[PDB]
Amino acid sequence: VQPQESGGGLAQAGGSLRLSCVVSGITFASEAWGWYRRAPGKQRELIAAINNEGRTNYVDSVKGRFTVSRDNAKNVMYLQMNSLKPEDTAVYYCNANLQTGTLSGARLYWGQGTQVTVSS
Amino acid sequence: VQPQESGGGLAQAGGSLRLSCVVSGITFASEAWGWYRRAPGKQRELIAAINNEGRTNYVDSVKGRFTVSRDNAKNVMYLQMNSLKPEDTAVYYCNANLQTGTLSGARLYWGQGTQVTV
Amino acid sequence: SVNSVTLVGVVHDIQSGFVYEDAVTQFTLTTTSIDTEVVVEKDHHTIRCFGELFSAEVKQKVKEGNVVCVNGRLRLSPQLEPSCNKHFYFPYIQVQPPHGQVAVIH
Amino acid sequence: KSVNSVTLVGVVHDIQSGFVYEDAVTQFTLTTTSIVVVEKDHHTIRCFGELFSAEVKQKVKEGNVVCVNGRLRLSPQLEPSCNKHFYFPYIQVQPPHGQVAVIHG
């Protein structure tokens with residue numbers, strides 16, 4: 001349960017970028033994770049969230065637009081990003097969604113995030 | 001649609017009985033419904049809601065216990081209750097839950113209800 | 001067992017209509033809450049006015065995009081309908097005299 | 001200038017410590033009896049603050065009747081299913097704004 005993200009910086013309107021969220025060491029596939037984003041001014045906002053297997057639920061926004069995955073193999077979360085709107089500028093983070101939010105943690109830790117920019 | 005609860009009365013602790021509900025009279029299907037039981041001095045508590053198709057959910061206290069089903073051609077709510085704890089003893093109502101948030105719709109009206117004692 | 005609320009902020013989506021046989025007039029009250037550089041948080045609260053009379057006066061006097069002060073009680077509705085298998089709560093701020101009320105500042 | 005302020009008084013329940021996305025919180029439940037009809041409401045109280053939460057988790061015991069004095073927040077959350085969007089209603093408590101106080105006698 002250690003955040004190790006990568007990928008993202010700046011791309012032309014409507015691009016196609018991938019993300020690598022690696023859980024450093026200790027078991028990962030055990031939980032249900034997801035990606036977030038930090039707008040240049042707006043606060044922390046959860047977007048994509050894949051189930052423990054698992055059928056995924058996305059925000060109205062990234063619905064149909066993006067699709068996140070989860071591979072127990074290498075312990076990595078990939079966010080299939082396509083048609084990257086300019087309104088998709090933020091620092092993206094990989095982390096585990098709660099259960100399903102009303103639950104309390106036990107340790108956890110934050111990441112460092114990767115900056116992403118899009119302008120037509 | 002003016003509600004009309006029916007079926008119920010008295011059964012042993014472990015006995016069984018099924019309820020019913022009818023409305024006059026449109027439109028079913030489009031509207032999802034449910035059942036609300038109320039204690040003597042306590043508030044009404046929605047038991048199970050049936051979807052517009054309709055799927056179904058139940059209360060944490062009645063999960064794997066009660067079973068609700070609906071018919072569109074006759075606009076009827078069916079609630080087969082089995083092995084009834086004296087806790088289930090309450091005034092059961094049947095009405096249409098909806099919106100799951102953005103409520104406030106039409107006029108709405110409460111049925112007289114049905115009695116359940118065990 | 002005192003339950004109490006006070007809110008100030010922009011109004012949105014004002015609507016009339018009935019709760020289960022009950023004249024209601026709800027609306028959203030977006031509140032800015034600067035969390036403890038460089039981001040701010042908002043909070044859209046469902047303000048739900050009961051009492052057909054108070055419900056009515058509220059319905060008329062409160063305009064869109066306004067700024068009102070809401071006193072009232074905080075309620076939690078079990079909700080949780082089909083379409084999925086899980087139970088969630090509905091956080092609606094109940095306003096019906098002689099409980100609370102709604103003053104207007106914009 | 002927005003104003004989000006709640007106040008509570010009632011019975012406490014399920015008290016436990018942990019983290020909110022890696023934040024030392026001590027969440028619990030306050031039950032105001034918002035009243036023949038006795039209507040109850042079980043509020044969640046998330047007390048943030050590395051020190052504050054510990055503070056609270058120790059003087060606050062189950063059964064205690066306490067007052068709550070903090071913001072009304074609501075985490076969005078996107079469960080495995082389904083399209084139905086639901087918010088998570090709790091009460092962010094954290095000094096100098098938040099405030100907890102146990103009642104005796």
# chains A, B, ... in the order shown; residues from 1 in each chain; ligands from 1
call {"tool": "interface_residues", "arguments": {"of": "chain B", "to": "chain D", "cutoff": "9 Å", "atoms": "only C-alpha atoms", "output": "JSON, numbers by chain"}}
result
{"B": [40, 41, 42, 43, 100, 101]}
call {"tool": "write_last_selection", "arguments": {"atoms": "N, CA and C atoms", "output": "mmCIF file, in the first residue's frame"}}
result
data_model
loop_
_atom_site.group_PDB
_atom_site.id
_atom_site.type_symbol
_atom_site.label_atom_id
_atom_site.label_comp_id
_atom_site.auth_asym_id
_atom_site.auth_seq_id
_atom_site.Cartn_x
_atom_site.Cartn_y
_atom_site.Cartn_z
ATOM 1 N N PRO B 40 -45.823 0.933 17.169
ATOM 2 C CA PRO B 40 -46.864 1.673 17.890
ATOM 3 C C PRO B 40 -46.589 3.174 17.975
ATOM 4 N N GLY B 41 -45.478 3.549 18.599
ATOM 5 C CA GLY B 41 -45.142 4.951 18.767
ATOM 6 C C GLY B 41 -43.918 5.369 17.979
ATOM 7 N N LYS B 42 -43.401 4.457 17.162
ATOM 8 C CA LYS B 42 -42.224 4.745 16.354
ATOM 9 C C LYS B 42 -42.610 5.167 14.944
ATOM 10 N N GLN B 43 -41.620 5.592 14.168
ATOM 11 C CA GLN B 43 -41.864 6.067 12.811
ATOM 12 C C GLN B 43 -41.932 4.921 11.806
ATOM 13 N N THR B 100 -34.739 8.557 -4.721
ATOM 14 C CA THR B 100 -33.593 8.256 -3.869
ATOM 15 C C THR B 100 -32.789 9.520 -3.581
ATOM 16 N N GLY B 101 -33.482 10.650 -3.506
ATOM 17 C CA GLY B 101 -32.829 11.927 -3.290
ATOM 18 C C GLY B 101 -33.656 13.089 -3.799
#
call {"tool": "interface_residues", "arguments": {"of": "chain A", "to": "chain C", "cutoff": "7 Å", "atoms": "only C-alpha atoms", "output": "MDAnalysis selection string"}}
result
chainID A and resid 41:43
call {"tool": "write_last_selection", "arguments": {"atoms": "N, CA, C and O atoms", "output": "short mmCIF file (atom, residue, chain, number, x, y, z; two decimals), in the first residue's frame"}}
result
data_model
loop_
_atom_site.label_atom_id
_atom_site.label_comp_id
_atom_site.auth_asym_id
_atom_site.auth_seq_id
_atom_site.Cartn_x
_atom_site.Cartn_y
_atom_site.Cartn_z
N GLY A 41 -6.54 24.79 -8.87
CA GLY A 41 -7.15 25.54 -7.78
C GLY A 41 -8.12 24.72 -6.96
O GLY A 41 -8.24 24.91 -5.75
N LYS A 42 -8.81 23.79 -7.61
CA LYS A 42 -9.81 22.97 -6.94
C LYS A 42 -9.18 21.92 -6.03
O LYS A 42 -8.01 21.57 -6.20
N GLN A 43 -9.95 21.42 -5.07
CA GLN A 43 -9.46 20.48 -4.08
C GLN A 43 -9.35 19.06 -4.63
O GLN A 43 -9.44 18.83 -5.83
#
call {"tool": "interface_residues", "arguments": {"of": "chain C", "to": "chain D", "cutoff": "10 Å", "atoms": "only C-alpha atoms", "output": "PyMOL selection string"}}
result
chain C and resi 1-10+29-34+36+41-45+67-77+80-92
call {"tool": "residues_around", "arguments": {"residues": "residue 79 of chain B", "least_positions_apart": "3", "cutoff": "7 Å", "atoms": "only C-alpha atoms", "output": "list in words"}}
result
residues 18, 19, 20, 67, 68 and 69 of chain B
call {"tool": "residues_around", "arguments": {"residues": "residue 95 of chain D", "least_positions_apart": "5", "cutoff": "10 Å", "atoms": "only C-alpha atoms", "output": "mmCIF file with C-alpha atoms, in the first residue's frame"}}
result
data_model
loop_
_atom_site.group_PDB
_atom_site.id
_atom_site.type_symbol
_atom_site.label_atom_id
_atom_site.label_comp_id
_atom_site.auth_asym_id
_atom_site.auth_seq_id
_atom_site.Cartn_x
_atom_site.Cartn_y
_atom_site.Cartn_z
ATOM 1 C CA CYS D 47 -12.914 14.249 14.507
ATOM 2 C CA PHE D 48 -9.746 15.124 12.589
ATOM 3 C CA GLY D 49 -6.484 16.244 14.175
ATOM 4 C CA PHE D 52 -7.362 16.075 18.765
ATOM 5 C CA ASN D 69 -20.030 21.471 17.294
ATOM 6 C CA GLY D 70 -18.731 21.314 13.723
ATOM 7 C CA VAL D 100 -16.613 18.050 21.697
#
call {"tool": "residues_around", "arguments": {"residues": "segment 46-52 of chain A", "least_positions_apart": "5", "cutoff": "7 Å", "atoms": "only C-alpha atoms", "output": "mmCIF file with N, CA, C and O atoms, in the first residue's frame"}}
result
data_model
loop_
_atom_site.group_PDB
_atom_site.id
_atom_site.type_symbol
_atom_site.label_atom_id
_atom_site.label_comp_id
_atom_site.auth_asym_id
_atom_site.auth_seq_id
_atom_site.Cartn_x
_atom_site.Cartn_y
_atom_site.Cartn_z
ATOM 1 N N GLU A 31 -7.307 -4.863 -2.102
ATOM 2 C CA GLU A 31 -8.199 -3.721 -1.908
ATOM 3 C C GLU A 31 -8.928 -3.286 -3.182
ATOM 4 O O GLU A 31 -8.784 -3.900 -4.238
ATOM 5 N N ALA A 32 -9.726 -2.229 -3.058
ATOM 6 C CA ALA A 32 -10.397 -1.615 -4.197
ATOM 7 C C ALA A 32 -9.931 -0.168 -4.313
ATOM 8 O O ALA A 32 -10.233 0.661 -3.455
ATOM 9 N N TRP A 33 -9.191 0.127 -5.376
ATOM 10 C CA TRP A 33 -8.520 1.417 -5.508
ATOM 11 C C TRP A 33 -9.241 2.396 -6.436
ATOM 12 O O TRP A 33 -10.451 2.297 -6.646
ATOM 13 N N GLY A 34 -8.484 3.345 -6.980
ATOM 14 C CA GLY A 34 -9.034 4.369 -7.851
ATOM 15 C C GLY A 34 -8.119 5.573 -8.000
ATOM 16 O O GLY A 34 -7.179 5.749 -7.224
ATOM 17 N N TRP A 35 -8.395 6.404 -9.001
ATOM 18 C CA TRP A 35 -7.588 7.592 -9.260
ATOM 19 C C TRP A 35 -8.290 8.863 -8.795
ATOM 20 O O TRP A 35 -9.518 8.914 -8.721
ATOM 21 N N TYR A 36 -7.501 9.885 -8.485
ATOM 22 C CA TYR A 36 -8.036 11.189 -8.112
ATOM 23 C C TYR A 36 -7.406 12.257 -8.998
ATOM 24 O O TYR A 36 -6.666 11.939 -9.929
ATOM 25 N N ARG A 37 -7.699 13.520 -8.711
ATOM 26 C CA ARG A 37 -7.098 14.621 -9.456
ATOM 27 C C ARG A 37 -7.093 15.915 -8.649
ATOM 28 O O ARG A 37 -7.975 16.150 -7.823
ATOM 29 N N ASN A 57 -16.991 1.756 -11.730
ATOM 30 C CA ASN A 57 -17.872 2.914 -11.792
ATOM 31 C C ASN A 57 -17.077 4.198 -11.986
ATOM 32 O O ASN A 57 -16.156 4.488 -11.223
ATOM 33 N N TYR A 58 -17.435 4.962 -13.010
ATOM 34 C CA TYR A 58 -16.757 6.219 -13.294
ATOM 35 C C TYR A 58 -17.674 7.404 -13.014
ATOM 36 O O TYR A 58 -18.884 7.241 -12.859
ATOM 37 N N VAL A 59 -17.091 8.594 -12.941
ATOM 38 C CA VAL A 59 -17.870 9.814 -12.781
ATOM 39 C C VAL A 59 -18.531 10.157 -14.110
ATOM 40 O O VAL A 59 -17.990 9.845 -15.170
ATOM 41 N N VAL A 68 -10.559 2.914 -16.265
ATOM 42 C CA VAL A 68 -9.441 2.470 -15.438
ATOM 43 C C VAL A 68 -9.383 0.945 -15.359
ATOM 44 O O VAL A 68 -10.400 0.267 -15.509
ATOM 45 N N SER A 69 -8.189 0.412 -15.130
ATOM 46 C CA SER A 69 -8.004 -1.030 -15.023
ATOM 47 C C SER A 69 -7.298 -1.404 -13.724
ATOM 48 O O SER A 69 -7.016 -0.545 -12.887
ATOM 49 N N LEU D 78 -17.812 6.837 -4.941
ATOM 50 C CA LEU D 78 -18.319 6.112 -6.099
ATOM 51 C C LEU D 78 -18.157 4.606 -5.901
ATOM 52 O O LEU D 78 -17.170 4.014 -6.339
ATOM 53 N N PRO D 80 -18.707 0.437 -6.070
ATOM 54 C CA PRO D 80 -18.625 -0.483 -7.211
ATOM 55 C C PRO D 80 -19.873 -0.435 -8.091
ATOM 56 O O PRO D 80 -19.798 -0.744 -9.281
#
call {"tool": "closest_atom_pairs", "arguments": {"of": "chain A", "to": "chain D", "cutoff": "7 Å", "atoms": "only C-alpha atoms", "output": "JSON lines"}}
result
{"residue": "A:49", "atom": "CA", "partner": "D:78", "partner_atom": "CA", "distance": 6.9}
{"residue": "A:51", "atom": "CA", "partner": "D:80", "partner_atom": "CA", "distance": 5.3}
{"residue": "A:55", "atom": "CA", "partner": "D:80", "partner_atom": "CA", "distance": 6.7}
{"residue": "A:56", "atom": "CA", "partner": "D:80", "partner_atom": "CA", "distance": 6.0}
{"residue": "A:57", "atom": "CA", "partner": "D:80", "partner_atom": "CA", "distance": 5.8}
{"residue": "A:100", "atom": "CA", "partner": "D:79", "partner_atom": "CA", "distance": 5.6}
{"residue": "A:101", "atom": "CA", "partner": "D:77", "partner_atom": "CA", "distance": 6.1}
{"residue": "A:102", "atom": "CA", "partner": "D:88", "partner_atom": "CA", "distance": 7.0}
{"residue": "A:104", "atom": "CA", "partner": "D:18", "partner_atom": "CA", "distance": 5.4}
{"residue": "A:105", "atom": "CA", "partner": "D:19", "partner_atom": "CA", "distance": 4.3}
{"residue": "A:106", "atom": "CA", "partner": "D:18", "partner_atom": "CA", "distance": 5.1}
{"residue": "A:107", "atom": "CA", "partner": "D:22", "partner_atom": "CA", "distance": 6.1}
{"residue": "A:108", "atom": "CA", "partner": "D:22", "partner_atom": "CA", "distance": 4.8}
{"residue": "A:109", "atom": "CA", "partner": "D:22", "partner_atom": "CA", "distance": 5.2}
{"residue": "A:110", "atom": "CA", "partner": "D:22", "partner_atom": "CA", "distance": 6.9}
call {"tool": "write_last_selection", "arguments": {"atoms": "N, CA and C atoms", "output": "compact mmCIF listing (two decimals), in the first residue's frame"}}
result
# COMPACT_ATOMS: atom_id res chain seq x y z
N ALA A 49 -12.75 4.71 -10.36
CA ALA A 49 -12.68 3.77 -9.24
C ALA A 49 -13.06 2.36 -9.67
N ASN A 51 -13.50 -1.74 -9.23
CA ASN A 51 -13.89 -2.67 -8.18
C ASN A 51 -12.72 -3.57 -7.78
N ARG A 55 -15.97 -4.88 -11.99
CA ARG A 55 -16.80 -3.92 -12.70
C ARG A 55 -16.65 -2.51 -12.12
N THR A 56 -16.30 -1.57 -12.98
CA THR A 56 -15.89 -0.24 -12.55
C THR A 56 -16.99 0.82 -12.67
N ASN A 57 -16.99 1.76 -11.73
CA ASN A 57 -17.87 2.91 -11.79
C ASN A 57 -17.08 4.20 -11.99
N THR A 100 -17.71 1.96 1.70
CA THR A 100 -17.32 2.51 0.41
C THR A 100 -17.03 3.99 0.58
N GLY A 101 -16.61 4.36 1.79
CA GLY A 101 -16.36 5.74 2.14
C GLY A 101 -16.64 5.98 3.61
N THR A 102 -17.59 5.22 4.15
CA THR A 102 -17.99 5.34 5.55
C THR A 102 -17.04 4.58 6.47
N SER A 104 -13.35 3.36 8.21
CA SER A 104 -12.13 3.98 8.71
C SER A 104 -10.92 3.18 8.24
N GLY A 105 -9.81 3.87 8.02
CA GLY A 105 -8.59 3.24 7.56
C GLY A 105 -7.88 2.45 8.65
N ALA A 106 -6.56 2.36 8.54
CA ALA A 106 -5.76 1.63 9.51
C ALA A 106 -4.30 2.04 9.43
N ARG A 107 -3.96 2.75 8.36
CA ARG A 107 -2.60 3.22 8.14
C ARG A 107 -2.56 4.17 6.94
N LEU A 108 -2.43 3.59 5.75
CA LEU A 108 -2.47 4.35 4.51
C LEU A 108 -1.35 5.38 4.42
N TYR A 109 -1.22 5.99 3.25
CA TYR A 109 -0.21 7.02 3.01
C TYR A 109 -0.48 7.68 1.67
N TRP A 110 -0.07 8.93 1.52
CA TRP A 110 -0.31 9.67 0.28
C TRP A 110 0.86 9.53 -0.68
call {"tool": "interface_residues", "arguments": {"of": "chain C", "to": "chain B", "cutoff": "6 Å", "atoms": "only C-alpha atoms", "output": "JSON, numbers by chain"}}
result
{"C": [17, 18, 19, 20, 21, 79, 82]}
call {"tool": "write_last_selection", "arguments": {"atoms": "C-alpha atoms", "output": "PDB file, in the first residue's frame"}}
result
ATOM      1  CA  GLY C  17     -43.922  19.261  -4.937  1.00  0.00           C
ATOM      2  CA  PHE C  18     -44.867  16.684  -2.326  1.00  0.00           C
ATOM      3  CA  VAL C  19     -43.045  14.301  -0.065  1.00  0.00           C
ATOM      4  CA  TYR C  20     -45.133  11.170   0.554  1.00  0.00           C
ATOM      5  CA  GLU C  21     -48.356  13.197   0.817  1.00  0.00           C
ATOM      6  CA  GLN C  79     -33.279   5.924   1.197  1.00  0.00           C
ATOM      7  CA  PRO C  82     -33.102  -0.841  -5.996  1.00  0.00           C
TER       8      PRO C  82
END
call {"tool": "residues_around", "arguments": {"residues": "residue 20 of chain A", "least_positions_apart": "2", "cutoff": "9 Å", "atoms": "only C-alpha atoms", "output": "PyMOL selection string"}}
result
chain A and resi 4-7+18+22+76-79+94
call {"tool": "write_last_selection", "arguments": {"atoms": "N, CA, C and O atoms", "output": "CSV table (one decimal), in the first residue's frame"}}
result
chain,number,residue,atom,x,y,z
A,4,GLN,N,2.9,4.8,-6.0
A,4,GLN,CA,4.0,5.0,-7.0
A,4,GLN,C,3.5,5.2,-8.4
A,4,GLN,O,3.4,4.3,-9.2
A,5,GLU,N,3.2,6.5,-8.7
A,5,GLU,CA,2.5,6.9,-9.9
A,5,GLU,C,3.5,7.4,-11.0
A,5,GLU,O,4.7,7.6,-10.7
A,6,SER,N,3.0,7.6,-12.2
A,6,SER,CA,3.8,8.1,-13.3
A,6,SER,C,2.9,8.4,-14.5
A,6,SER,O,1.8,8.0,-14.6
A,7,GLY,N,3.5,9.2,-15.5
A,7,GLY,CA,2.9,9.5,-16.7
A,7,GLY,C,1.9,10.7,-16.6
A,7,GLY,O,1.1,10.8,-15.8
A,18,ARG,N,-1.6,7.1,-20.8
A,18,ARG,CA,-1.7,6.0,-19.9
A,18,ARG,C,-1.1,6.3,-18.5
A,18,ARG,O,-0.2,7.2,-18.4
A,22,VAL,N,1.7,2.0,-9.2
A,22,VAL,CA,2.3,0.8,-8.7
A,22,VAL,C,2.3,0.9,-7.1
A,22,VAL,O,2.8,1.8,-6.5
A,76,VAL,N,-0.4,-2.7,-10.6
A,76,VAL,CA,-0.5,-1.4,-11.3
A,76,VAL,C,-1.9,-1.0,-11.7
A,76,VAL,O,-2.6,-1.8,-12.3
A,77,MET,N,-2.2,0.2,-11.5
A,77,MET,CA,-3.5,0.8,-12.0
A,77,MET,C,-3.2,1.6,-13.2
A,77,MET,O,-2.4,2.5,-13.2
A,78,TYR,N,-3.9,1.3,-14.3
A,78,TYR,CA,-3.8,2.1,-15.5
A,78,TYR,C,-5.1,2.7,-15.9
A,78,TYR,O,-6.1,2.1,-16.0
A,79,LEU,N,-5.0,4.0,-16.1
A,79,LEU,CA,-6.2,4.8,-16.4
A,79,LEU,C,-6.3,5.1,-17.9
A,79,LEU,O,-5.6,6.1,-18.4
A,94,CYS,N,-2.9,7.9,-7.5
A,94,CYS,CA,-3.5,6.6,-7.4
A,94,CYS,C,-3.6,6.2,-5.9
A,94,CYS,O,-2.7,6.4,-5.1
call {"tool": "residues_around", "arguments": {"residues": "residue 25 of chain B", "least_positions_apart": "3", "cutoff": "8 Å", "atoms": "only C-alpha atoms", "output": "ChimeraX atom specification"}}
result
/B:1-2,22,28,75
call {"tool": "select_by_dssp", "arguments": {"residues": "segment 1-80 of chain D", "states": "strand (DSSP E or B)", "output": "PyMOL selection string"}}
result
chain D and resi 3-13+18-19+24-25+28-32+41-47+65-68+71-75
call {"tool": "write_last_selection", "arguments": {"atoms": "N, CA, C and O atoms", "output": "short mmCIF file (atom, residue, chain, number, x, y, z; two decimals), in the first residue's frame"}}
result
data_model
loop_
_atom_site.label_atom_id
_atom_site.label_comp_id
_atom_site.auth_asym_id
_atom_site.auth_seq_id
_atom_site.Cartn_x
_atom_site.Cartn_y
_atom_site.Cartn_z
N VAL D 3 -21.66 29.94 5.52
CA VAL D 3 -21.62 29.55 6.93
C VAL D 3 -22.19 28.14 7.12
O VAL D 3 -23.39 27.93 6.99
N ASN D 4 -21.31 27.19 7.41
CA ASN D 4 -21.72 25.81 7.68
C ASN D 4 -21.42 25.44 9.13
O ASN D 4 -20.28 25.13 9.48
N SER D 5 -22.46 25.46 9.97
CA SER D 5 -22.29 25.20 11.39
C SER D 5 -23.40 24.30 11.92
O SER D 5 -24.58 24.59 11.77
N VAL D 6 -23.00 23.19 12.55
CA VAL D 6 -23.95 22.27 13.16
C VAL D 6 -23.74 22.21 14.67
O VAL D 6 -22.67 22.54 15.17
N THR D 7 -24.78 21.80 15.39
CA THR D 7 -24.65 21.52 16.82
C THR D 7 -25.43 20.25 17.13
O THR D 7 -26.49 20.02 16.55
N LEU D 8 -24.91 19.43 18.04
CA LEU D 8 -25.56 18.17 18.37
C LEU D 8 -25.47 17.85 19.86
O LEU D 8 -24.56 18.30 20.55
N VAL D 9 -26.43 17.07 20.34
CA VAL D 9 -26.45 16.58 21.71
C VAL D 9 -27.24 15.28 21.75
O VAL D 9 -28.41 15.25 21.38
N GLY D 10 -26.60 14.20 22.19
CA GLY D 10 -27.26 12.91 22.25
C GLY D 10 -26.35 11.78 22.70
O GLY D 10 -25.28 12.02 23.26
N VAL D 11 -26.78 10.55 22.44
CA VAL D 11 -26.02 9.37 22.85
C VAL D 11 -24.94 9.00 21.84
O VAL D 11 -25.15 9.06 20.63
N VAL D 12 -23.78 8.60 22.35
CA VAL D 12 -22.66 8.20 21.50
C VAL D 12 -22.65 6.68 21.29
O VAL D 12 -23.08 5.93 22.16
N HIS D 13 -22.15 6.25 20.14
CA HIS D 13 -22.06 4.82 19.83
C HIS D 13 -20.81 4.48 19.02
O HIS D 13 -19.99 5.34 18.74
N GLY D 18 -8.89 5.41 13.66
CA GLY D 18 -8.35 4.96 12.39
C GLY D 18 -7.86 6.12 11.56
O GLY D 18 -7.36 7.11 12.09
N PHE D 19 -8.02 6.01 10.25
CA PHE D 19 -7.57 7.06 9.34
C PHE D 19 -8.56 7.31 8.22
O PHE D 19 -9.20 6.39 7.71
N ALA D 24 -5.41 10.86 10.81
CA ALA D 24 -5.73 10.37 12.15
C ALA D 24 -7.07 10.91 12.65
O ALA D 24 -7.13 11.99 13.24
N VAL D 25 -8.14 10.15 12.42
CA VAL D 25 -9.47 10.54 12.88
C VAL D 25 -9.98 9.58 13.94
O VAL D 25 -9.50 8.46 14.07
N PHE D 28 -17.14 8.43 15.26
CA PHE D 28 -18.13 7.79 16.11
C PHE D 28 -19.54 8.27 15.76
O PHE D 28 -19.72 8.99 14.77
N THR D 29 -20.53 7.88 16.55
CA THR D 29 -21.91 8.22 16.25
C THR D 29 -22.59 8.99 17.37
O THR D 29 -22.49 8.63 18.54
N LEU D 30 -23.29 10.07 17.00
CA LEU D 30 -24.11 10.81 17.94
C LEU D 30 -25.58 10.68 17.56
O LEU D 30 -25.94 10.89 16.40
N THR D 31 -26.41 10.33 18.53
CA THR D 31 -27.82 10.07 18.25
C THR D 31 -28.75 11.11 18.88
O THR D 31 -29.13 11.00 20.04
N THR D 32 -29.12 12.12 18.09
CA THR D 32 -30.12 13.09 18.53
C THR D 32 -31.50 12.48 18.38
O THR D 32 -31.81 11.87 17.35
N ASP D 41 -32.16 9.90 14.92
CA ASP D 41 -31.19 10.13 13.85
C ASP D 41 -29.79 9.82 14.36
O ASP D 41 -29.35 10.36 15.37
N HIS D 42 -29.08 8.94 13.65
CA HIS D 42 -27.73 8.56 14.05
C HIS D 42 -26.69 9.25 13.18
O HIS D 42 -26.45 8.85 12.04
N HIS D 43 -26.07 10.30 13.73
CA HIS D 43 -25.08 11.09 13.00
C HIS D 43 -23.67 10.54 13.17
O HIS D 43 -23.30 10.08 14.25
N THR D 44 -22.89 10.59 12.10
CA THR D 44 -21.48 10.23 12.16
C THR D 44 -20.67 11.46 12.51
O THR D 44 -20.94 12.56 12.02
N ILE D 45 -19.67 11.28 13.37
CA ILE D 45 -18.81 12.39 13.80
C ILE D 45 -17.34 12.06 13.56
O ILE D 45 -16.75 11.26 14.29
N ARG D 46 -16.76 12.67 12.53
CA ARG D 46 -15.35 12.43 12.22
C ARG D 46 -14.47 13.55 12.76
O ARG D 46 -14.43 14.65 12.20
N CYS D 47 -13.75 13.26 13.84
CA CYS D 47 -12.91 14.25 14.51
C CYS D 47 -11.47 14.18 14.02
O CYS D 47 -10.71 13.31 14.46
N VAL D 65 -23.32 11.09 26.87
CA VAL D 65 -24.10 12.10 26.18
C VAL D 65 -23.22 13.33 26.02
O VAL D 65 -22.84 13.97 27.00
N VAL D 66 -22.88 13.66 24.77
CA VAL D 66 -21.96 14.76 24.50
C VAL D 66 -22.56 15.76 23.51
O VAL D 66 -23.56 15.47 22.85
N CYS D 67 -21.93 16.92 23.41
CA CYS D 67 -22.33 17.90 22.41
C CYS D 67 -21.34 17.86 21.25
O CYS D 67 -20.15 17.63 21.44
N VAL D 68 -21.85 18.06 20.04
CA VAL D 68 -21.01 18.15 18.85
C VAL D 68 -21.16 19.53 18.22
O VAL D 68 -22.26 20.06 18.12
N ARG D 71 -18.71 21.31 11.31
CA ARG D 71 -19.25 21.45 9.96
C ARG D 71 -20.02 20.22 9.50
O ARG D 71 -19.70 19.10 9.90
N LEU D 72 -21.02 20.45 8.66
CA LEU D 72 -21.74 19.36 8.01
C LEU D 72 -21.15 19.10 6.62
O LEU D 72 -21.40 19.84 5.68
N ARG D 73 -20.36 18.03 6.52
CA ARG D 73 -19.71 17.69 5.26
C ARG D 73 -20.38 16.48 4.63
O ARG D 73 -21.27 15.88 5.24
N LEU D 74 -19.96 16.13 3.42
CA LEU D 74 -20.50 14.96 2.74
C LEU D 74 -19.63 14.47 1.58
O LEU D 74 -19.63 15.04 0.49
N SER D 75 -18.88 13.40 1.84
CA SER D 75 -18.00 12.81 0.84
C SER D 75 -18.80 12.18 -0.29
O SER D 75 -19.71 11.38 -0.04
#
call {"tool": "select_by_dssp", "arguments": {"residues": "chain C", "states": "alpha helix (DSSP H)", "output": "NGL selection string"}}
result
:C and (52-61)
call {"tool": "write_last_selection", "arguments": {"atoms": "N, CA and C atoms", "output": "CSV table (one decimal), in the first residue's frame"}}
result
chain,number,residue,atom,x,y,z
C,52,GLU,N,-47.2,23.4,4.6
C,52,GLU,CA,-47.7,24.0,3.4
C,52,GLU,C,-47.7,25.5,3.4
C,53,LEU,N,-48.0,26.1,4.5
C,53,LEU,CA,-48.0,27.6,4.6
C,53,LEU,C,-46.5,28.1,4.5
C,54,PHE,N,-45.7,27.7,5.5
C,54,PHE,CA,-44.3,28.1,5.4
C,54,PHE,C,-43.7,27.6,4.1
C,55,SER,N,-44.1,26.4,3.7
C,55,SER,CA,-43.7,25.8,2.4
C,55,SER,C,-44.0,26.8,1.3
C,56,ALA,N,-45.2,27.4,1.3
C,56,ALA,CA,-45.6,28.3,0.3
C,56,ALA,C,-44.8,29.6,0.4
C,57,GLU,N,-44.8,30.3,1.5
C,57,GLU,CA,-44.1,31.6,1.6
C,57,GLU,C,-42.7,31.4,1.2
C,58,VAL,N,-42.0,30.4,1.7
C,58,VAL,CA,-40.7,30.1,1.3
C,58,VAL,C,-40.6,30.0,-0.2
C,59,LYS,N,-41.5,29.1,-0.8
C,59,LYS,CA,-41.5,28.9,-2.2
C,59,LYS,C,-41.5,30.2,-3.0
C,60,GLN,N,-42.3,31.2,-2.5
C,60,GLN,CA,-42.4,32.5,-3.2
C,60,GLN,C,-41.3,33.5,-2.9
C,61,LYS,N,-40.9,33.6,-1.7
C,61,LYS,CA,-40.0,34.6,-1.3
C,61,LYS,C,-38.5,34.3,-1.6
